[PDB]
Amino acid sequence: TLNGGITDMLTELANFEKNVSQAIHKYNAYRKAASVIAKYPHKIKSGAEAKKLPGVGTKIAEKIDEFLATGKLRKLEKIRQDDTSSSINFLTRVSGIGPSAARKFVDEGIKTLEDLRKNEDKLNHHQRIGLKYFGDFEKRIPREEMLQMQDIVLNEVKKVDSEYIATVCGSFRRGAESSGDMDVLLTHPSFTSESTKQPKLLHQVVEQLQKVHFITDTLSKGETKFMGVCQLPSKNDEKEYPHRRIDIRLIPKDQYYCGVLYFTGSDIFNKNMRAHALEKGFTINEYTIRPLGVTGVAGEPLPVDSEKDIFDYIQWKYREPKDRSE
DNA sequence: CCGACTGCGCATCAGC
DNA sequence: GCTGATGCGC
DNA sequence: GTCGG
Ligand SMILES: Nc1nc2c(ncn2[C@H]2C[C@H](O)[C@@H](COP(=O)(O)NP(=O)(O)OP(=O)(O)O)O2)c(=O)[nH]1
Ligand SMILES: [Mn+2]
Ligand SMILES: [Mn+2]
Ligand code: NA
Ligand code: NA
């Protein structure tokens, strides 16, 4: 929070360009610039000082000079007063509603939380549940609660089959004192890059977590990914725990390391590592790191036996999960 | 300058 | 139905 | 919006 005001400004501009302008590269530009300022260990005294950082160009430097001088940005002030921009920015805060749908809704007169509740028939499933838990999804999850949810998931998964390995990744694995949601990597010996010897491997886990009333809703569900809602059990007389977003990602057993690297994050850390890999002539996804041929086409999966192995190829000194919070 | 910008799963729709 | 594009989110 | 080529 050394430069909270600056990175908040850029995050806001990023949110604007994505939700309103629908210029995803501008969104990413501000995301990257915000991240690199966020870790810079000095209080920034000028735009030119920030201009020295990778990802901070002239337009952002000019804005940084304005913010430091006046305490705010005129461009953001205007965007805030704007009705259409403010409305779209709100609608996109509902999970399932993106820039397109939000703009599509405003065209109809649906631009408030009240408008959505009387028009739930105009939402698809994801959007209806996102609306349903709009409040709970705005709350953070204390790590103490995260440890609770970890015990349930890892134990319920043990009961379906003792060979399931479940690892809570995301910001939790990065050691965050509080998380926005729960991310769970899942591995079973039947599912590898070679064969799917067992069908319904992820379904049986979802099924079980529903049976004990942990998973309460589903946003989307497939053979390898689950997006849904979960809730901790409360004791007698206590007010219920808020409903929480939960992601579950089944990844082939022999590709656990590329999987856990991906799922641990952060989202920008992954953006920067995959960008660095390309320059080094490699491409990383959640499954494999692969070299690029002379034509650019990816080659065969290189051998990986640890997270650090992936860092080795692209010539990065290993960074533990808590040092990936970019 | 100016092309290129991380990589992909699930829902949904256009088109056949 | 399939296939590919798009929308949204991880 | 930024940057390497
Ligand atoms: N490569 C890549 N990975 C991503 C991206 N977005 C997310 N991931 C991967 C890396 C992310 O770390 C992981 C989980 O995504 P979240 O739950 O949405 N974010 P997190 O747990 O980091 O923070 P929070 O406490 O607020 O929930 O999925 C992306 O855009 N690109
Ligand atoms: Mn998360
Ligand atoms: Mn998540
Ligand atoms: Na710069
Ligand atoms: Na949204």
Side-chain angles (χ1 to χ4, degrees), chain A residues 9-11 13-14 16-19 21-37 47 50-64 75 91-105 123-130 137 169-171 173 179-186 202-203 206 218-228 245-252 255 258-280 282-290 292 296 298 310 314 326:
Chain A
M9 166 183 56
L10 298 170
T11 293
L13 292 157
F16 165 75
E17 300 290 353
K18 170 178 196 182
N19 302 331
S21 299
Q22 290 187 276
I24 200 62
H25 296 306
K26 294 221 195 183
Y27 160 73
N28 286 321
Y30 284 110
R31 289 276 262 135
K32 191 221 257 193
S35 182
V36 74
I37 294 178
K51 189 172 204 335
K52 295 163 162 307
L53 293 178
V56 182
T58 315
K59 306 295 298 303
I60 292 183
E62 270 160 30
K63 296 180 178 57
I64 288 183
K75 180 155 144 74
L91 284 168
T92 54
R93 297 170 53 191
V94 174
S95 185
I97 304 186
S100 175
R103 183 169 294 274
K104 159 77 168 257
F105 281 139
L123 316 173
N124 58 37
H125 179 72
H126 187 157
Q127 293 161 353
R128 183 170 320 203
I129 309 296
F137 286 175
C169 303
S171 56
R173 189 164 188 269
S179 294
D181 73 339
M182 160 155 289
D183 311 292
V184 185
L185 187 70
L186 190 62
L202 168 62
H203 177 79
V206 169
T218 298
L219 294 184
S220 68
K221 186 170 162 302
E223 318 205 57
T224 60
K225 190 174 86 149
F226 175 83
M227 209 165 337
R245 282 278 285 99
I246 184 169
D247 305 293
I248 300 180
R249 182 69 195 274
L250 173 68
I251 271 191
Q255 297 180 328
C258 280
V260 66
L261 169 74
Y262 150 74
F263 218 50
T264 304
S266 66
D267 49 344
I268 276 198
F269 171 82
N270 291 12
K271 197 237 289 290
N272 291 331
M273 188 173 179
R274 280 154 199 232
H276 178 74
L278 285 177
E279 287 183 321
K280 287 288 168 176
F282 303 80
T283 171
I284 316 171
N285 54 10
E286 54 258 64
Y287 309 111
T288 68
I289 175 174
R290 281 163 303 147
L292 305 177
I310 310 175
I314 56 164
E326 316 192 303

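Note that these values count all heavy atoms, side chains included, but never hydrogens, waters or copies made by symmetry. Chain A is the first sequence line, chain B the second, and so forth, proteins listed ahead of strands; every chain is numbered from 1.
Here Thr283(A) reaches the OP1 or OP2 of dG7(B): one of its side-chain N or O atoms lies under 4.0 Å away. For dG9(B), one of the phosphate oxygens OP1 or OP2 lies less than 4.0 angstrom from a side-chain nitrogen or oxygen of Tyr287(A).
In this structure, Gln22(A) atom CD and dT6(C) atom P are separated by 13 Å, rounded to whole Å. Rounded to whole Å, the distance from CG on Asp247(A) to P on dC10(C) is 6 Å. Distance, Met227(A) CE to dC8(C) P: 13 Å, rounded to whole Å. Atom CD1 in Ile24(A) sits about 15 Å away from atom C1' in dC8(B), given to the nearest Å. Counting to the nearest Å, the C1' atom of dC3(D) and the CZ atom of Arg31(A) are 19 Å from each other. Rounded to an integer number of Å, the gap from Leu261(A) CG to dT6(B) P is 16 Å. Rounded to whole angstrom, the span from the CG atom of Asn285(A) across to the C1' atom of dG7(B) amounts to 7 Å. Rounded to whole Å, atom P of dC13(B) lies 10 Å from atom NZ of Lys104(A).
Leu202(A) and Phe226(A) make their closest contact through CD2-N, 4.0 Å (heavy atoms, listed as atom of the first residue, atom of the second, distance).
Within the 4.0 angstrom heavy-atom criterion, no nucleotide atom of any strand lies near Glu17(A). If you check every strand for non-hydrogen atoms under 4.0 Å, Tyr30(A) touches sugar and phosphate atoms only. Within 4.0 Å (heavy atoms only), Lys221(A) reaches sugar-phosphate atoms of the nucleic acid but no base atom. Within 4.0 Å of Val36(A), counting heavy atoms only, lies no atom of the nucleic acid at all. At the heavy-atom level, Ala101(A) lies under 4.0 Å from the strands shown only through sugar-phosphate atoms. Within 4.0 Å of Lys63(A), counting heavy atoms only, lie sugar-phosphate atoms of the nucleic acid but no base atom. Looking at heavy-atom distances under 4.0 Å, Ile246(A) makes no contact with the nucleic acid at all. If you check every strand for non-hydrogen atoms under 4.0 Å, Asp183(A) touches sugar and phosphate atoms only.
Side-chain atoms of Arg290(A) lie closest to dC8(B) of the nucleotides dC8(B), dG1(D), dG9(C). The side chain of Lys225(A) sits closest to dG9(C) out of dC8(B), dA11(B), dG9(C). Comparing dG7(B), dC8(C), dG1(D) against the side chain of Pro99(A) picks out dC8(C) as the nearest. The side chain of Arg245(A) lies closest to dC10(C) when the candidates are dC10(C), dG7(B), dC8(C). Nearest nucleotide to the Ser100(A) side chain, out of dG7(C), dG9(B), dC10(C): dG7(C). For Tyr262(A), the side-chain atoms get nearest to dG7(B) when compared with the rest of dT2(D), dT6(B), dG7(B). Of the candidate nucleotides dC8(C), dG9(C), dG9(B), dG9(B) has the atom nearest to the side chain of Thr224(A). Distances from the side chain of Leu278(A) to the nucleotides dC5(B), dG7(B), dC10(C) place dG7(B) closest. Proximity note for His126(A) (side chain, C-beta onward) versus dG7(B), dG9(C), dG1(D): the nearest is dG9(C). For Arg274(A), the listed nucleotide lying nearest its side chain is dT6(B); candidates were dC10(C), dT6(B), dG1(D).
For the atom pair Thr218(A) OG1 and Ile129(A) CD1, the distance stands at 8.5 Å (nearest 0.5 Å). Note that NE2 of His276(A) is 5.0 Å distant from CD1 of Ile314(A), once rounded to the nearest 0.5 Å. One distance of note links CD1 of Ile64(A) with CD1 of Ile37(A); it measures 4.0 Å at 0.5 Å rounding. In this structure, CG on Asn28(A) lies 8.0 Å from CD1 on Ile268(A), to the nearest 0.5 angstrom.
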Derivation and outcome, side chain to side chain contact (heavy atoms under 4.5 Å, CB included), residues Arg245(A) and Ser95(A) = CA-CA 10 Å; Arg245(A) 282 278 285 99; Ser95(A) 185; 4.2 Å; yes
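The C1'-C2'-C3'-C4' torsion of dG1(D) is negative, so its sugar falls on the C2'-endo, or south, side.
Nucleotides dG5(D) and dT6(B) place their P atoms 16 Å apart, quoted to the nearest Å.
Judged by closest nucleotide on DNA chain B, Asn28(A) is the one of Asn28(A) and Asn124(A) placed further toward the 5' end.
Using a distance-only test at 3.5 Å, with no hydrogens or angles considered, a donor-acceptor pair links the side chain of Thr264(A) to the main chain of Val260(A).
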